[PDB]
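K.L.:
Here you go, one structure.
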Amino acid sequence: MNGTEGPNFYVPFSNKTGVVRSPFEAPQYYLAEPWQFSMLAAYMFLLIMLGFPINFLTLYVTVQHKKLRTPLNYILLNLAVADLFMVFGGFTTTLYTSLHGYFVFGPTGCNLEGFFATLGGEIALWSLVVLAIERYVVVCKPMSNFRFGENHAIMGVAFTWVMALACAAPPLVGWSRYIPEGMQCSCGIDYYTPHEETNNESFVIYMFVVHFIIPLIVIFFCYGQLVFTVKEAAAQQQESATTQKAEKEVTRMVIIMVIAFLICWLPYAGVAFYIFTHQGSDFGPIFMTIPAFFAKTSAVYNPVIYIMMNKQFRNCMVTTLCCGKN
Amino acid sequence: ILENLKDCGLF
Ligand SMILES: *[C@@H]1O[C@H](CO)[C@@H](O[C@@H]2O[C@H](CO)[C@@H](O[C@@H]3O[C@H](CO)[C@@H](O)[C@H](O[C@H]4O[C@H](CO)[C@@H](O)[C@H](O)[C@@H]4O)[C@@H]3O)[C@H](O)[C@H]2NC(C)=O)[C@H](O)[C@H]1NC(C)=O
Ligand SMILES: *[C@@H]1O[C@H](CO)[C@@H](O[C@@H]2O[C@H](CO)[C@@H](O)[C@H](O)[C@H]2NC(C)=O)[C@H](O)[C@H]1NC(C)=O
Ligand SMILES: CCCCCCCCO[C@@H]1O[C@H](CO)[C@@H](O)[C@H](O)[C@H]1O
Ligand SMILES: CCCCCCCCO[C@@H]1O[C@H](CO)[C@@H](O)[C@H](O)[C@H]1O
Ligand SMILES: CCCCCCCCO[C@@H]1O[C@H](CO)[C@@H](O)[C@H](O)[C@H]1O
Ligand SMILES: *C(=O)CCCCCCCCCCCCCCC
Ligand SMILES: *C(=O)CCCCCCCCCCCCCCC
């Protein structure tokens with residue numbers, strides 16, 4: 001007996017002292033110091049300060065730089081938009097709830113928040129995949145005489161959106177569900193309560209297989225092929241210093257992107273998988289945030305990786321930020 | 001493929 005169940009929540013603290021209140025009614029200061037709530041607040045503040053600009057600036061720049069509006073860039077835009085759902089849907093909310101010490105918006109708030117929060121994350125995630133697929137297609141030319149254009153880019157994006165809804169929407173309608181997670185200030189997919197009227201158990205498998213293993217296998221194969229396609233092209237062009245560099249640089253970028261994709265979702269997956277194998281074993285309200293911490297903060301490093309290091313976007317940002325040019 | 005790499009933001 002480690003949790004306190006409630007009609008709409010799971011407080012990861014034991015009400016044997018009779019102090020646990022609904023995380024929708026009263027501050028959860030008994031499962032974590034008020035200060036740690038502020039630290040939470042602090043971090044949400046950080047993610048908003050950094051996250052908002054980087055992601056907003058991305059869109060903003062695209063509206064102002066013809067060259068950025070190529071269709072091979074849509075998925076990146078998509079990414080930023082997704083990060084923005086994460087900012088306004090997730091971060092700001094939490095910053096706000098965290099400062100009350102509980103989820104002041106109640107069940108439906110939980111649902112809204114959880115939905116937009118997870119929607120964005122999923123979109124972003126699936127973009128990273130879609131992006132991989134596209135580069136694979138474009139660079140490894142696996143298709144006879146195919147040429148990537150606006151329509152693909154569009155589908156590519158639409159797909160992202162679908163996949164996201166394919167995961168965030170079910171909870172809203174009874175396959176799993178959104179409950180206050182961690183310190184009860186943000187809302188998430190219930191992946192740790194065997195709560196059965198919703199079938200969390202299966203859903204989590206669906207999540208784990210479809211929204212983590214598929215992506216991982218696809219992203220791995222794609223960039224694998226790419227880093228092979230480029231490594232090979234260089235071995236066949238050892239005379240061309242650039243091709244050499246390009247190979248070197250693309251490899252480095254892939255290692256970054258992959259390691260980054262892992263840092264972002266491994267935690268969630270790893271934890272989910274553990275919890276799904278080690279039953280009744282309690283997990284603290286803070287430990288339940290570690291995974292969230294890595295995922296949410298991606299809304300900053302993804303744009304750093306996929307946008308700020310992308311040479312064009314960067315030059316554009318610099319130009320814009322410095323009024324004149326470089 | 002430098003061209004396609006520069007198209008993908010990769011190079
Ligand atoms: C965590 O543990 C605590 C303790 O188990 C728990 O809080 C308790 O909840 C009950 C309600 O479910 C609270 O009881 C109320 O108690 C007051 C006493 O001041 C009663 O007067 C209320 O009402 C009754 O009698 C009326 C007759 O006029 C009836 O019309 C009415 O329907 C009621 O029967 C009511 O019983 C109790 O005070 C708290 N205890 C504490 C210490 O807060 C809490 O809910 C648990 N957390 C979770 C998430 O479950
Ligand atoms: C409450 O949480 C603790 C985790 O700290 C659970 O404890 C363990 O209990 C299970 C027994 O089924 C064993 O597999 C582990 O060896 C125990 N670990 C430790 C460190 O004691 C506990 O099961 C949870 N709930 C209850 C009712 O005990
Ligand atoms: C009583 C005032 C506390 C100030 C010391 C901060 C301790 C920093 O360490 C904290 O200690 C907590 C104990 O409450 C642990 O639960 C936390 O996991 C840990 O982050
Ligand atoms: C962006 C900053 C948002 C401001 C958040 C303020 C949250 C208020 O927080 C609440 O205020 C009550 C005072 O009536 C206290 O009694 C509660 O204990 C406290 O949790
Ligand atoms: C899943 C995506 C692939 C991960 C990165 C591919 C491995 C990059 O590692 C590369 O391996 C080469 C061996 O051929 C070495 O010669 C290079 O020094 C090294 O950059
Ligand atoms: C056009 O050239 C105008 C831009 C040049 C001014 C750059 C000044 C840098 C300010 C950095 C902001 C740091 C503050 C973050 C903490 C609130
Ligand atoms: C044009 O004149 C340049 C102004 C651009 C201002 C952007 C600087 C933002 C400040 C954030 C600090 C970056 C920390 C990096 C960690 C290594």
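Each chain of the structure tokens is named A, B, ... in the order shown, its residues numbered from 1; ligands are numbered from 1 in display order.
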Set the distance at 10 Å and use only C-alpha atoms: which residues neighbour residue 306 of chain A once local chain neighbours fewer than 4 positions away are removed? I'd like the list as a PyMOL selection string.

P.N.:
(chain A and resi 76+79-80+128+131+253+257+301-302+310-311+313) or (chain B and resi 9-10)

K.L.:
Sorted by chain and rising residue number, list the residues of chain A at most 7 Å from ligand 5 (counting only C-alpha atoms and all ligand atoms), each with its closest atom pair and distance in Å to one decimal, as a Markdown table.

P.N.:
```
| residue | atom | partner | partner_atom_place_in_ligand_line | distance |
| --- | --- | --- | --- | --- |
| A:220 | CA | ligand 5 | 1 (C) | 4.4 |
| A:221 | CA | ligand 5 | 1 (C) | 6.5 |
| A:223 | CA | ligand 5 | 2 (C) | 4.8 |
| A:224 | CA | ligand 5 | 2 (C) | 4.0 |
| A:227 | CA | ligand 5 | 6 (C) | 6.0 |
| A:248 | CA | ligand 5 | 20 (O) | 6.6 |
| A:251 | CA | ligand 5 | 8 (C) | 5.6 |
| A:252 | CA | ligand 5 | 20 (O) | 6.8 |
| A:254 | CA | ligand 5 | 2 (C) | 6.0 |
| A:255 | CA | ligand 5 | 5 (C) | 5.2 |
| A:258 | CA | ligand 5 | 1 (C) | 6.8 |
```

K.L.:
Store the residues picked out above, limited to C-alpha atoms, as a PDB file, in the first residue's frame.

P.N.:
```
ATOM      1  CA  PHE A 220      17.568   3.784 -36.549  1.00  0.00           C
ATOM      2  CA  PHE A 221      17.185   2.139 -39.926  1.00  0.00           C
ATOM      3  CA  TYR A 223      19.843   7.189 -40.247  1.00  0.00           C
ATOM      4  CA  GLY A 224      21.716   3.908 -40.458  1.00  0.00           C
ATOM      5  CA  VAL A 227      25.253   7.226 -42.529  1.00  0.00           C
ATOM      6  CA  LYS A 248      32.144  13.292 -41.040  1.00  0.00           C
ATOM      7  CA  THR A 251      27.765  11.024 -38.913  1.00  0.00           C
ATOM      8  CA  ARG A 252      28.270  13.426 -36.016  1.00  0.00           C
ATOM      9  CA  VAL A 254      23.188  11.381 -36.667  1.00  0.00           C
ATOM     10  CA  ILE A 255      24.937  10.311 -33.468  1.00  0.00           C
ATOM     11  CA  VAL A 258      19.851   9.461 -32.145  1.00  0.00           C
TER      12      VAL A 258
END
```

K.L.:
Can you pull out every residue within 8 Å of residue 2 of chain B, counting only C-alpha atoms, but drop anything in the same chain fewer than 6 positions away, and send it as a ChimeraX atom specification?

P.N.:
/A:242-243,246 /B:11

K.L.:
Limited to N, CA, C and O atoms, could you put the picked residues into a file as a PDB file, in the first residue's frame?

P.N.:
```pdb
ATOM      1  N   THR A 242      35.214  18.081 -49.398  1.00  0.00           N
ATOM      2  CA  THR A 242      33.884  18.391 -48.900  1.00  0.00           C
ATOM      3  C   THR A 242      33.123  17.122 -48.596  1.00  0.00           C
ATOM      4  O   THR A 242      32.675  16.920 -47.471  1.00  0.00           O
ATOM      5  N   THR A 243      32.962  16.270 -49.603  1.00  0.00           N
ATOM      6  CA  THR A 243      32.305  14.988 -49.394  1.00  0.00           C
ATOM      7  C   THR A 243      32.841  14.288 -48.144  1.00  0.00           C
ATOM      8  O   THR A 243      32.069  13.713 -47.369  1.00  0.00           O
ATOM      9  N   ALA A 246      31.449  16.314 -45.234  1.00  0.00           N
ATOM     10  CA  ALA A 246      30.020  16.013 -45.165  1.00  0.00           C
ATOM     11  C   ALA A 246      29.770  14.682 -44.462  1.00  0.00           C
ATOM     12  O   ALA A 246      28.931  14.586 -43.562  1.00  0.00           O
TER      13      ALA A 246
ATOM     14  N   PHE B  11      24.003  18.972 -44.071  1.00  0.00           N
ATOM     15  CA  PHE B  11      25.303  19.556 -44.371  1.00  0.00           C
ATOM     16  C   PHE B  11      25.142  21.001 -44.830  1.00  0.00           C
ATOM     17  O   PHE B  11      26.105  21.675 -45.210  1.00  0.00           O
TER      18      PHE B  11
END
```

K.L.:
Using only C-alpha atoms, which protein or nucleic acid residues come within 9 Å of segment 165-179 of chain A? Drop anything in the same chain fewer than 2 positions from it, and give the result as a PyMOL selection string.

P.N.:
chain A and resi 8-10+107+110-119+122-123+160-163+181+184+186-191+195-204+206-207+211

K.L.:
Would you export the selected residues with N, CA and C atoms as a tab-separated table (two decimals), in the first residue's frame, please?

P.N.:
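The resulting result_17.tsv:
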```
chain	number	residue	atom	x	y	z
A	8	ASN	N	-10.28	10.01	-9.79
A	8	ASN	CA	-9.59	10.47	-10.99
A	8	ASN	C	-8.08	10.64	-10.91
A	9	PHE	N	-7.44	9.94	-9.99
A	9	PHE	CA	-6.05	10.23	-9.72
A	9	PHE	C	-5.37	9.11	-8.97
A	10	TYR	N	-4.04	9.19	-8.93
A	10	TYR	CA	-3.23	8.29	-8.13
A	10	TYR	C	-2.16	9.12	-7.45
A	107	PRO	N	-10.17	17.74	-13.05
A	107	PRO	CA	-10.25	16.64	-14.02
A	107	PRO	C	-10.24	17.08	-15.48
A	110	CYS	N	-7.11	18.67	-16.25
A	110	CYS	CA	-6.20	17.56	-16.42
A	110	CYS	C	-6.28	17.03	-17.85
A	111	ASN	N	-7.48	16.70	-18.29
A	111	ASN	CA	-7.65	16.18	-19.63
A	111	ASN	C	-7.15	17.10	-20.74
A	112	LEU	N	-7.54	18.36	-20.68
A	112	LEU	CA	-7.07	19.33	-21.66
A	112	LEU	C	-5.57	19.33	-21.62
A	113	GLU	N	-5.04	19.60	-20.44
A	113	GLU	CA	-3.61	19.72	-20.32
A	113	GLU	C	-2.97	18.44	-20.84
A	114	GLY	N	-3.31	17.30	-20.25
A	114	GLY	CA	-2.72	16.04	-20.69
A	114	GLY	C	-2.78	15.89	-22.20
A	115	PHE	N	-3.94	16.19	-22.77
A	115	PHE	CA	-4.12	16.00	-24.20
A	115	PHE	C	-3.15	16.86	-25.00
A	116	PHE	N	-3.18	18.17	-24.78
A	116	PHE	CA	-2.28	19.05	-25.52
A	116	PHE	C	-0.81	18.77	-25.22
A	117	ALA	N	-0.51	18.59	-23.94
A	117	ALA	CA	0.82	18.19	-23.53
A	117	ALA	C	1.26	16.95	-24.30
A	118	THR	N	0.49	15.88	-24.25
A	118	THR	CA	0.97	14.67	-24.90
A	118	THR	C	0.84	14.79	-26.42
A	119	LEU	N	-0.10	15.61	-26.88
A	119	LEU	CA	-0.30	15.74	-28.31
A	119	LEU	C	0.97	16.30	-28.90
A	122	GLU	N	3.97	13.93	-28.82
A	122	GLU	CA	3.83	12.91	-29.85
A	122	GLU	C	4.11	13.47	-31.25
A	123	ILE	N	3.51	14.61	-31.57
A	123	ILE	CA	3.77	15.25	-32.84
A	123	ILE	C	5.27	15.46	-33.03
A	160	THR	N	2.30	12.68	-39.04
A	160	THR	CA	2.66	13.14	-37.72
A	160	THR	C	1.43	13.47	-36.89
A	161	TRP	N	0.56	14.34	-37.41
A	161	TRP	CA	-0.58	14.65	-36.66
A	161	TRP	C	-1.46	13.53	-36.32
A	162	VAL	N	-1.72	12.68	-37.31
A	162	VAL	CA	-2.50	11.47	-37.07
A	162	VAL	C	-1.89	10.60	-35.96
A	163	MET	N	-0.64	10.20	-36.14
A	163	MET	CA	0.05	9.38	-35.15
A	163	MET	C	-0.11	9.97	-33.75
A	181	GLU	N	0.26	13.32	-12.89
A	181	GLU	CA	1.40	12.44	-12.66
A	181	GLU	C	2.38	13.07	-11.67
A	184	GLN	N	1.88	15.60	-9.00
A	184	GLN	CA	0.47	15.97	-9.18
A	184	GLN	C	0.25	17.36	-9.75
A	186	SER	N	1.41	18.29	-13.18
A	186	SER	CA	1.09	18.14	-14.59
A	186	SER	C	0.29	16.86	-14.80
A	187	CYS	N	-0.43	16.80	-15.91
A	187	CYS	CA	-1.20	15.62	-16.23
A	187	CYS	C	-0.56	14.80	-17.35
A	188	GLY	N	-0.64	13.48	-17.24
A	188	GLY	CA	0.02	12.57	-18.18
A	188	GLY	C	-0.78	11.33	-18.49
A	189	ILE	N	-0.26	10.49	-19.37
A	189	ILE	CA	-0.93	9.24	-19.69
A	189	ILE	C	-0.72	8.29	-18.53
A	190	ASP	N	-1.80	7.67	-18.06
A	190	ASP	CA	-1.67	6.74	-16.93
A	190	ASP	C	-1.04	5.45	-17.39
A	191	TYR	N	0.26	5.31	-17.14
A	191	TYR	CA	1.00	4.14	-17.57
A	191	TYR	C	1.48	3.24	-16.45
A	195	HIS	N	-5.17	0.43	-13.51
A	195	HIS	CA	-6.55	0.89	-13.69
A	195	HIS	C	-7.23	0.30	-14.93
A	196	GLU	N	-8.23	-0.55	-14.71
A	196	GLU	CA	-8.70	-1.44	-15.77
A	196	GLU	C	-9.92	-1.01	-16.60
A	197	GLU	N	-10.81	-0.22	-16.03
A	197	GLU	CA	-11.91	0.34	-16.82
A	197	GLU	C	-11.40	1.06	-18.04
A	198	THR	N	-10.10	1.31	-18.09
A	198	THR	CA	-9.51	2.04	-19.21
A	198	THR	C	-8.49	1.19	-19.97
A	199	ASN	N	-7.95	0.18	-19.31
A	199	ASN	CA	-7.09	-0.80	-19.96
A	199	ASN	C	-5.70	-0.25	-20.14
A	200	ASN	N	-5.27	0.55	-19.19
A	200	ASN	CA	-3.91	1.03	-19.21
A	200	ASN	C	-2.90	-0.03	-19.64
A	201	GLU	N	-3.01	-1.22	-19.06
A	201	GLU	CA	-2.04	-2.27	-19.35
A	201	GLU	C	-1.80	-2.45	-20.85
A	202	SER	N	-2.87	-2.69	-21.61
A	202	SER	CA	-2.73	-2.88	-23.05
A	202	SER	C	-2.22	-1.61	-23.71
A	203	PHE	N	-2.93	-0.50	-23.49
A	203	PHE	CA	-2.56	0.79	-24.06
A	203	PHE	C	-1.07	1.07	-23.97
A	204	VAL	N	-0.51	0.89	-22.78
A	204	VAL	CA	0.93	1.06	-22.57
A	204	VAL	C	1.76	0.18	-23.50
A	206	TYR	N	0.65	-0.81	-26.36
A	206	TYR	CA	0.43	-0.19	-27.65
A	206	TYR	C	1.38	0.99	-27.77
A	207	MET	N	1.42	1.81	-26.73
A	207	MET	CA	2.35	2.92	-26.67
A	207	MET	C	3.78	2.45	-26.86
A	211	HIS	N	4.54	3.57	-30.45
A	211	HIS	CA	5.06	4.93	-30.31
A	211	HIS	C	6.45	5.02	-29.71
```

K.L.:
Which residues, written as a short mmCIF file (atom, residue, chain, number, x, y, z; two decimals) with N, CA and C atoms, in the first residue's frame, have at least one atom at most 10 Å from residue 65 of chain A, with only C-alpha atoms counted and residues fewer than 4 positions away on the same chain left out?

P.N.:
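Final output, result.cif:
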```cif
data_model
loop_
_atom_site.label_atom_id
_atom_site.label_comp_id
_atom_site.auth_asym_id
_atom_site.auth_seq_id
_atom_site.Cartn_x
_atom_site.Cartn_y
_atom_site.Cartn_z
N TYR A 60 8.79 32.25 -36.73
CA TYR A 60 8.88 33.65 -37.09
C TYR A 60 9.85 33.84 -38.24
N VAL A 61 11.03 33.28 -38.09
CA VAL A 61 12.00 33.28 -39.15
C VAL A 61 11.45 32.73 -40.47
N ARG A 69 11.20 28.37 -46.52
CA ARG A 69 9.91 27.79 -46.80
C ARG A 69 9.98 26.74 -47.89
N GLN A 312 20.83 26.71 -42.41
CA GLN A 312 19.97 27.81 -42.88
C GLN A 312 19.22 28.46 -41.72
N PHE A 313 18.36 27.69 -41.07
CA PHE A 313 17.60 28.28 -40.00
C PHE A 313 18.49 29.16 -39.17
N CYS A 316 19.41 32.42 -40.73
CA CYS A 316 18.24 33.25 -40.68
C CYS A 316 18.01 33.85 -39.31
N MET A 317 18.05 33.01 -38.27
CA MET A 317 17.85 33.50 -36.91
C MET A 317 18.84 34.61 -36.63
N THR A 319 20.44 36.53 -38.59
CA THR A 319 20.08 37.72 -39.35
C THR A 319 18.95 38.47 -38.67
N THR A 320 17.88 37.76 -38.38
CA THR A 320 16.72 38.36 -37.77
C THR A 320 17.06 38.98 -36.43
#
```

K.L.:
May I have a table of the residues of chain A lying at most 12 Å from ligand 7, giving each one's closest pair of atoms and their distance in Å to one decimal, counting only C-alpha atoms and all ligand atoms, ordered by chain and ascending residue number, as JSON lines?

P.N.:
```
{"residue": "A:46", "atom": "CA", "partner": "ligand 7", "partner_atom_place_in_ligand_line": "11 (C)", "distance": 11.3}
{"residue": "A:49", "atom": "CA", "partner": "ligand 7", "partner_atom_place_in_ligand_line": "11 (C)", "distance": 9.7}
{"residue": "A:50", "atom": "CA", "partner": "ligand 7", "partner_atom_place_in_ligand_line": "11 (C)", "distance": 8.0}
{"residue": "A:51", "atom": "CA", "partner": "ligand 7", "partner_atom_place_in_ligand_line": "11 (C)", "distance": 11.4}
{"residue": "A:53", "atom": "CA", "partner": "ligand 7", "partner_atom_place_in_ligand_line": "9 (C)", "distance": 9.3}
{"residue": "A:54", "atom": "CA", "partner": "ligand 7", "partner_atom_place_in_ligand_line": "9 (C)", "distance": 9.5}
{"residue": "A:57", "atom": "CA", "partner": "ligand 7", "partner_atom_place_in_ligand_line": "7 (C)", "distance": 10.9}
{"residue": "A:300", "atom": "CA", "partner": "ligand 7", "partner_atom_place_in_ligand_line": "15 (C)", "distance": 11.8}
{"residue": "A:301", "atom": "CA", "partner": "ligand 7", "partner_atom_place_in_ligand_line": "16 (C)", "distance": 11.4}
{"residue": "A:304", "atom": "CA", "partner": "ligand 7", "partner_atom_place_in_ligand_line": "15 (C)", "distance": 10.4}
{"residue": "A:308", "atom": "CA", "partner": "ligand 7", "partner_atom_place_in_ligand_line": "7 (C)", "distance": 11.7}
{"residue": "A:314", "atom": "CA", "partner": "ligand 7", "partner_atom_place_in_ligand_line": "5 (C)", "distance": 11.1}
{"residue": "A:315", "atom": "CA", "partner": "ligand 7", "partner_atom_place_in_ligand_line": "1 (C)", "distance": 10.9}
{"residue": "A:316", "atom": "CA", "partner": "ligand 7", "partner_atom_place_in_ligand_line": "1 (C)", "distance": 11.2}
{"residue": "A:317", "atom": "CA", "partner": "ligand 7", "partner_atom_place_in_ligand_line": "5 (C)", "distance": 8.5}
{"residue": "A:318", "atom": "CA", "partner": "ligand 7", "partner_atom_place_in_ligand_line": "1 (C)", "distance": 6.1}
{"residue": "A:319", "atom": "CA", "partner": "ligand 7", "partner_atom_place_in_ligand_line": "1 (C)", "distance": 7.4}
{"residue": "A:320", "atom": "CA", "partner": "ligand 7", "partner_atom_place_in_ligand_line": "1 (C)", "distance": 8.0}
{"residue": "A:321", "atom": "CA", "partner": "ligand 7", "partner_atom_place_in_ligand_line": "1 (C)", "distance": 5.0}
{"residue": "A:322", "atom": "CA", "partner": "ligand 7", "partner_atom_place_in_ligand_line": "1 (C)", "distance": 3.7}
{"residue": "A:323", "atom": "CA", "partner": "ligand 7", "partner_atom_place_in_ligand_line": "1 (C)", "distance": 7.3}
{"residue": "A:324", "atom": "CA", "partner": "ligand 7", "partner_atom_place_in_ligand_line": "2 (O)", "distance": 8.6}
{"residue": "A:325", "atom": "CA", "partner": "ligand 7", "partner_atom_place_in_ligand_line": "1 (C)", "distance": 8.4}
{"residue": "A:326", "atom": "CA", "partner": "ligand 7", "partner_atom_place_in_ligand_line": "1 (C)", "distance": 7.6}
```

K.L.:
Keeping only N, CA and C atoms, write those residues as a PDB file, in the first residue's frame.

P.N.:
```pdb
ATOM      1  N   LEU A  46      12.150  27.924 -16.749  1.00  0.00           N
ATOM      2  CA  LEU A  46      13.291  27.757 -17.657  1.00  0.00           C
ATOM      3  C   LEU A  46      12.887  27.243 -19.021  1.00  0.00           C
ATOM      4  N   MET A  49      10.988  30.104 -20.755  1.00  0.00           N
ATOM      5  CA  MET A  49      11.944  31.106 -21.218  1.00  0.00           C
ATOM      6  C   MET A  49      12.687  30.643 -22.463  1.00  0.00           C
ATOM      7  N   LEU A  50      13.349  29.488 -22.394  1.00  0.00           N
ATOM      8  CA  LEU A  50      14.089  28.983 -23.557  1.00  0.00           C
ATOM      9  C   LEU A  50      13.225  28.417 -24.665  1.00  0.00           C
ATOM     10  N   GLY A  51      12.422  27.420 -24.322  1.00  0.00           N
ATOM     11  CA  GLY A  51      11.449  26.825 -25.249  1.00  0.00           C
ATOM     12  C   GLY A  51      10.637  27.774 -26.121  1.00  0.00           C
ATOM     13  N   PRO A  53      10.872  31.233 -26.990  1.00  0.00           N
ATOM     14  CA  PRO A  53      11.687  31.875 -28.012  1.00  0.00           C
ATOM     15  C   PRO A  53      12.179  30.913 -29.112  1.00  0.00           C
ATOM     16  N   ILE A  54      13.014  29.929 -28.770  1.00  0.00           N
ATOM     17  CA  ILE A  54      13.594  29.044 -29.786  1.00  0.00           C
ATOM     18  C   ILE A  54      12.541  28.575 -30.760  1.00  0.00           C
ATOM     19  N   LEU A  57      10.710  31.729 -32.454  1.00  0.00           N
ATOM     20  CA  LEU A  57      11.654  32.316 -33.389  1.00  0.00           C
ATOM     21  C   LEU A  57      11.764  31.473 -34.654  1.00  0.00           C
ATOM     22  N   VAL A 300      13.327  22.050 -25.845  1.00  0.00           N
ATOM     23  CA  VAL A 300      14.385  23.013 -26.038  1.00  0.00           C
ATOM     24  C   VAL A 300      15.507  22.431 -26.893  1.00  0.00           C
ATOM     25  N   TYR A 301      15.956  21.223 -26.576  1.00  0.00           N
ATOM     26  CA  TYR A 301      17.124  20.700 -27.275  1.00  0.00           C
ATOM     27  C   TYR A 301      16.843  20.173 -28.682  1.00  0.00           C
ATOM     28  N   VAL A 304      17.225  23.051 -30.678  1.00  0.00           N
ATOM     29  CA  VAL A 304      18.656  23.314 -30.747  1.00  0.00           C
ATOM     30  C   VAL A 304      19.308  22.376 -31.768  1.00  0.00           C
ATOM     31  N   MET A 308      18.540  24.906 -34.690  1.00  0.00           N
ATOM     32  CA  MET A 308      19.655  25.813 -34.526  1.00  0.00           C
ATOM     33  C   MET A 308      20.941  25.310 -35.151  1.00  0.00           C
ATOM     34  N   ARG A 314      19.675  28.653 -38.842  1.00  0.00           N
ATOM     35  CA  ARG A 314      20.611  29.406 -37.995  1.00  0.00           C
ATOM     36  C   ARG A 314      20.965  30.762 -38.572  1.00  0.00           C
ATOM     37  N   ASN A 315      21.458  30.765 -39.806  1.00  0.00           N
ATOM     38  CA  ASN A 315      21.774  32.007 -40.488  1.00  0.00           C
ATOM     39  C   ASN A 315      20.586  32.961 -40.491  1.00  0.00           C
ATOM     40  N   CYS A 316      19.407  32.418 -40.726  1.00  0.00           N
ATOM     41  CA  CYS A 316      18.236  33.251 -40.684  1.00  0.00           C
ATOM     42  C   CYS A 316      18.007  33.847 -39.305  1.00  0.00           C
ATOM     43  N   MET A 317      18.046  33.009 -38.271  1.00  0.00           N
ATOM     44  CA  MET A 317      17.850  33.500 -36.911  1.00  0.00           C
ATOM     45  C   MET A 317      18.839  34.612 -36.627  1.00  0.00           C
ATOM     46  N   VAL A 318      20.107  34.336 -36.900  1.00  0.00           N
ATOM     47  CA  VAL A 318      21.136  35.311 -36.637  1.00  0.00           C
ATOM     48  C   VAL A 318      20.779  36.610 -37.312  1.00  0.00           C
ATOM     49  N   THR A 319      20.440  36.526 -38.593  1.00  0.00           N
ATOM     50  CA  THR A 319      20.085  37.717 -39.347  1.00  0.00           C
ATOM     51  C   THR A 319      18.952  38.472 -38.666  1.00  0.00           C
ATOM     52  N   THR A 320      17.875  37.757 -38.377  1.00  0.00           N
ATOM     53  CA  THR A 320      16.718  38.363 -37.766  1.00  0.00           C
ATOM     54  C   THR A 320      17.061  38.983 -36.431  1.00  0.00           C
ATOM     55  N   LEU A 321      17.658  38.195 -35.542  1.00  0.00           N
ATOM     56  CA  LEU A 321      18.050  38.671 -34.214  1.00  0.00           C
ATOM     57  C   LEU A 321      19.002  39.859 -34.232  1.00  0.00           C
ATOM     58  N   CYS A 322      19.796  39.987 -35.285  1.00  0.00           N
ATOM     59  CA  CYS A 322      20.716  41.107 -35.371  1.00  0.00           C
ATOM     60  C   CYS A 322      20.241  42.170 -36.330  1.00  0.00           C
ATOM     61  N   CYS A 323      18.919  42.242 -36.488  1.00  0.00           N
ATOM     62  CA  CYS A 323      18.303  43.298 -37.267  1.00  0.00           C
ATOM     63  C   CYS A 323      18.882  43.273 -38.676  1.00  0.00           C
ATOM     64  N   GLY A 324      20.047  43.897 -38.850  1.00  0.00           N
ATOM     65  CA  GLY A 324      20.764  43.882 -40.130  1.00  0.00           C
ATOM     66  C   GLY A 324      21.075  42.401 -40.264  1.00  0.00           C
ATOM     67  N   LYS A 325      22.320  42.080 -40.588  1.00  0.00           N
ATOM     68  CA  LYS A 325      22.694  40.745 -41.032  1.00  0.00           C
ATOM     69  C   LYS A 325      23.679  40.171 -40.020  1.00  0.00           C
ATOM     70  N   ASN A 326      24.783  39.627 -40.533  1.00  0.00           N
ATOM     71  CA  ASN A 326      25.797  38.963 -39.712  1.00  0.00           C
ATOM     72  C   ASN A 326      26.893  39.928 -39.244  1.00  0.00           C
TER      73      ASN A 326
END
```

K.L.:
List as a ChimeraX atom specification the protein and nucleic acid residues lying within 9 Å of ligand 2, with only C-alpha atoms and all ligand atoms counted.

P.N.:
/A:1-3,278-283

K.L.:
For a test of reading the model, state the distance in Å between atom 3 (C, counted along the ligand's line) of ligand 3 and atom CA of residue 15 of chain A, rounded to one decimal.

P.N.:
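Rounded to one decimal, the two atoms are 22.2 Å apart.
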
K.L.:
Which residues are close to residue 261 of chain A, i.e. within 10 Å by only C-alpha atoms, leaving aside same-chain residues fewer than 5 positions away? Reply as a list in words.

P.N.:
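Listed by chain and then number, they are residues 125, 128, 129, 215, 216, 219, 255, 256, 266, 295, 298 and 302 of chain A.
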
K.L.:
Would you list, as a PyMOL selection string, the residues of chain B that end up in helix (DSSP H, G or I) under DSSP run on this structure's backbone?

P.N.:
chain B and resi 2-7

K.L.:
Could you give me, as a list in words, every polymer residue with an atom at most 12 Å away from an atom of ligand 3, counting only C-alpha atoms and all ligand atoms?

P.N.:
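These are the residues that qualify: residues 29, 30, 31, 32, 33, 34, 35, 36, 37, 39, 40, 183, 284, 285, 286, 287, 288, 289 and 290 of chain A.
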
K.L.:
What does the file look like for those residues with C-alpha atoms, as a CSV table (one decimal), in the first residue's frame?

P.N.:
```csv
chain,number,residue,atom,x,y,z
A,29,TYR,CA,2.9,19.3,0.1
A,30,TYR,CA,2.9,16.0,1.9
A,31,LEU,CA,4.5,14.2,-1.0
A,32,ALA,CA,7.3,16.7,-1.5
A,33,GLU,CA,8.4,20.0,0.1
A,34,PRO,CA,6.9,23.3,-1.0
A,35,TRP,CA,10.4,24.2,-2.1
A,36,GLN,CA,10.7,21.3,-4.5
A,37,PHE,CA,7.4,22.5,-5.9
A,39,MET,CA,12.1,24.2,-8.1
A,40,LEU,CA,9.5,22.5,-10.3
A,183,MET,CA,4.1,15.6,-8.0
A,284,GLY,CA,7.9,8.2,-5.6
A,285,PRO,CA,6.3,11.3,-6.9
A,286,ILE,CA,9.7,12.7,-7.8
A,287,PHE,CA,11.1,9.6,-9.5
A,288,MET,CA,7.9,9.7,-11.7
A,289,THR,CA,9.1,13.2,-12.8
A,290,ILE,CA,12.6,12.1,-13.9
```
